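One structure is given below, encoded as structure tokens.
Atoms within a ligand are numbered from 1 in the order they appear, just like the ligands themselves. So you know, we letter chains A, B, ... as the sequences are listed, proteins then strands, and number each from 1. Computed from heavy atoms alone, side chains included, the values below leave out hydrogens, waters and symmetry copies.
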2 protein chains.
Amino acid sequence: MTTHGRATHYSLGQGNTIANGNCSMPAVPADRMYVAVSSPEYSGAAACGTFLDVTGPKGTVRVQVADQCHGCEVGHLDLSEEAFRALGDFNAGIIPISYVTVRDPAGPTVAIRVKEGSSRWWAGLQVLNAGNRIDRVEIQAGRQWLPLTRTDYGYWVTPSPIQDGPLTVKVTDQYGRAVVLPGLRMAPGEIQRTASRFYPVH
Amino acid sequence: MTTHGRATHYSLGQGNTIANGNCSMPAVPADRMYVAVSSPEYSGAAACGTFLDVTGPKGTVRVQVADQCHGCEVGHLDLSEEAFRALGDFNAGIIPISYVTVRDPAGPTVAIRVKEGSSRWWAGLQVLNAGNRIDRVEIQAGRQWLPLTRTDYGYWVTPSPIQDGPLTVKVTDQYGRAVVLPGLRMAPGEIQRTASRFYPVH
Ligand SMILES: OC[C@H]1O[C@@H](O[C@H]2[C@H](O)[C@@H](O)[C@H](O[C@H]3[C@H](O)[C@@H](O)[C@H](O[C@H]4[C@H](O)[C@@H](O)[C@H](O[C@H]5[C@H](O)[C@@H](O)[C@H](O)O[C@@H]5CO)O[C@@H]4CO)O[C@@H]3CO)O[C@@H]2CO)[C@H](O)[C@@H](O)[C@@H]1O
């Protein structure tokens, strides 16, 4: 459904390679098109990684959900300065908008980043380029799949110690589509590439 | 007073420059002497940075509180492998210990690290080398002091956007001693070492 509301602007700045915004993105988007959303819409970070098509006075742009705006009511987006300028007059401070969450946004293959400080005792995993909301992230333990816990900062974490070796992870999106990612290394901070996608390229 | 209990062992491993343990230390101590403590002893990260003098079968060693052991009861320490080996037989798995928190531990001057991703809209500060528990961290805002919020991960964070310009931060410890740190820079990731100490060197 389309949400009708308003936008203000802010900036994460140029950022870093560790954690940008409440979603802890590996980078600020190169095009600087990102948005912080209300706490309900952030949904305990379940909205992290998703995209919104936002229409304002000047037209329509796409922004990555990057962050949480605690003071934004539902329907109020805190856009990047760049996204704001593309849609309206910067000095207006606030502009009327309408927006939708993009289904299957065009994107690269799924990637995985292990959190700094992770080990066999405790680890966080971040799922990059899923495109849509992720419902479950599980690590193989023999015949079973052990569920990781969704944090409110864009990672999924181990409830209990895991093995001292290669990791197989299954990620299931909100539409029930799953990818299985084998051979993942306990390599904190590194973005590990895969060949896997939730949906074909168009 | 003195706590009597038990120790097990675990490892943070080699570590990184971003966040080590739940206290998010800038580094695993060079001497690998650290400990994860029970949730009540962790006290919402208030124990972060403090030291324990731990007595076991082989003698006494000092460990830095670096981490939280959710599964530990009060009196149960999860020591680094190195600290464990210093106190007892590694393969025993569990050793009897007694311990106390060190008052005014010998150490360097106070340092401040601004969290990666910080800006004027939102920032986190980490206070390093206070030695004892910190009770308050405030940022100067004219004639007022704005209170930062203690997170459970070793930082203190802004409740609201702050002014621009040089930061002046006041840190007050559990004994009511305050240090004032002027000229601090919005420099995410950098350890900013200051001239201040809560107590003289001995
Ligand atoms: O068994 C425990 C286990 O702990 C390990 O240590 C972990 C700890 O478990 C994790 O919880 C902890 O997680 C923190 C991340 O490291 C940290 O980067 C992340 O930072 C967030 C912050 O939480 C969030 O509030 C902040 O929000 C702001 C946005 O950034 C701004 O842009 C916006 O304007 O305002 C919002 C606030 O309104 O975002 C930052 C990220 O950018 O917080 C996580 C905790 O909540 O990490 C520890 C280290 O990995 C320990 O290592 C294990 O040994 C131990 O077993």
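- Atoms of ligand 1 lying under 4.0 Å from at least one heavy atom of A:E116, given by number and element, are 50 (O).
- The nearest protein atom to atom 8 (C) of ligand 1, hydrogens excluded, is given as B:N22 OD1, 3.7 Å; this is a heavy-atom distance.
- Looking at ligand 1, you'll find an N or O of B:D67 within less than 3.5 Å of one of its N or O atoms.
- Atom numbering of ligand 1 starts at 1 in the shown order; those under 4.0 Å from a heavy atom of B:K115 are 17 (C), 18 (O), 20 (O), 40 (C), 41 (C).
- Near A:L12, with a cut-off below 4.0 Å to any heavy atom, the atoms of ligand 1 are 32 (O).
- For the residues A:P159, A:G21, A:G13, the heavy atom positioned nearest atom 42 (O) of ligand 1 is part of A:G21.
- An N or O contact shorter than 3.5 Å links A:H70 to ligand 1 by distance.
- Looking at A:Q68 next to ligand 1, no N or O pair under 3.5 Å apart turns up.
- Looking at A:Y34, A:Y153, B:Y153, A:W122, it is A:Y153 that brings a heavy atom closest to atom 13 (O) of ligand 1.
- Contact of the B:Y42 side chain with the B:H70 side chain is not registered, since no non-hydrogen atoms from C-beta on lie closer than 4.5 Å.
- Residue contact check for ligand 1: A:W121 places no non-hydrogen atom closer than 4.0 Å to it.
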Could you list the donor-acceptor pairs under 3.5 angstrom formed by side chains in residues 83-93 of chain B, with sequence neighbours left out?
| residue | atom | partner | partner atom | Å |
| --- | --- | --- | --- | --- |
| B:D89 | OD1 | B:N91 | N | 3.4 |

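- Considering only heavy atoms from C-beta on, B:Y10 comes within 4.5 Å of B:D67 through its side chain.
- Residue A:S24 approaches ligand 1 through these ligand atoms, each under 4.0 Å from one of its heavy atoms: 41 (C).
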Q.
Before you tell me yes or no, could you show the steps for B:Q140 and B:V180 under side-chain contact (heavy atoms from CB on, under 4.5 Å), namely the whole-Å CA-CA distance, both residues' side-chain angles and the distance that decides it to 0.1 Å?
A. CA-CA 10 Å; B:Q140 189 167 66; B:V180 170; over 6 Å; no

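- Within the 4.5 Å cutoff, side-chain heavy atoms of B:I139 are placed close to those of B:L148.
- Applying the salt bridge (charged side-chain N to carboxylate O under 4.0 Å, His left out) definition to pairs two or more places apart or across chains, none involves residues 32-48 of chain A.
- Side chains of A:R6 and A:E73 form a contact here, defined as non-hydrogen atoms less than 4.5 Å apart.
- Looking at B:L52 and B:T101, their side chains come closer than 4.5 Å, going by heavy atoms from C-beta outward.
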